[PDB]
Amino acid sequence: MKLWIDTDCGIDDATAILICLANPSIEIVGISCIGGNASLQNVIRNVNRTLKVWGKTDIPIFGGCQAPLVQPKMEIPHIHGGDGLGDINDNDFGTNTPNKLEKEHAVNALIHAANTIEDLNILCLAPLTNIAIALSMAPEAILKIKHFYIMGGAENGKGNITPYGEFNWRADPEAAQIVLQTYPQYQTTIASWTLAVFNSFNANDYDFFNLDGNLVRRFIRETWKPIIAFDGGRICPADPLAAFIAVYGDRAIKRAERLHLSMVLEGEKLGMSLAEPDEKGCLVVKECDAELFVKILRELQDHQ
């Protein structure tokens, strides 16, 4: 399997990247960075930090856009802290190291990946301004991508930013609907924020975000600490779940409904995932295999 990830790396994106790095089956070919949880400038730095702690300081990184397609840029989100990832220290991890970054726009990079990578899967953990522009520039390139595993859009109503919306797609509703009307929805899988709240763990019942023994475990707990509080003491794996499902497939699926989606770019509900059942649409997951998600999360943080 061969995968390309586009991320606005906050805490949970870094954790998801660790998921895909932990699995030897998974060949990460590029990482692409969009603004969201943290500023593009910080998201590059945060992905550097994670590739450093895991020790796979070899994958390429590309700087995409720093804004939405049409909608105006909003105020820097403090949801993930100043540095955008629990505000960790780079002397408290040894991540005080020159970073790595290419010379191609992540749009240019991902288009290249789509033209050249046989059986390329994408894992989209962020606002999709990149992939949307990528589709509009060279659609005949992007549509070669073997499959789309995307995180975003709270379709059951209740979300994170608005009363009933979702952060990543509200950040660029245009970017999302570009994706949904350009890439074939049958070949995409969608992890919604609602699936993130439905599998939300109690903070004092679960411990895999409070261990030590290696820098992976230290990372996990000190990065997840500040957001665990923002979800009112609960673990809302929005991106870790998108990643877990992407890389394991059918032992992550329990009941995922086939649906066609659309975005609402007009009215007060600018950012609502709206959905209509179809068998030739997206497979949006509604339940998880929770015990196995715990048991792989505990795997990657071992030192053995």
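Sequential numbering from 1, following the sequence displayed.
Of the other structures of this protein that model both sides of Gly86, every one gives it coordinates; not a third omit it.
Residue-level annotation: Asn130 has coordinates in all of the other entries compared, counting only those that model residues on either side of it, so it never reaches the one-third mark. As recorded in the PDB entry, 74 to 82 is the stretch of 74 to 82 and 170 to 178 with the greater mean C-alpha temperature factor. Of the two stretches examined, 91 to 99 and 138 to 146, the record assigns the greater average C-alpha temperature factor to 91 to 99. Considering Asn115, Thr129, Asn108, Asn156 together, the PDB entry gives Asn156 the largest C-alpha B factor. Across the options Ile253, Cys65, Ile31, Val43, the residue with the most elevated CA B-factor in the record is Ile253.
Per-chain ranking of the deposited C-alpha B factor places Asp212 in the middle third. Ranked by C-alpha B-factor against the other modelled residues of its chain, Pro24 falls in the lowest third.
In this PDB entry, the Cα temperature factor of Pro60 sits in the bottom third of its chain's modelled residues, the lowest group.
When all modelled residues of the chain are sorted by CA temperature factor, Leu265 is found within the highest third.
For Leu274, the recorded CA B-factor ranks within the highest third of the chain. Only modelled residues enter the ranking.
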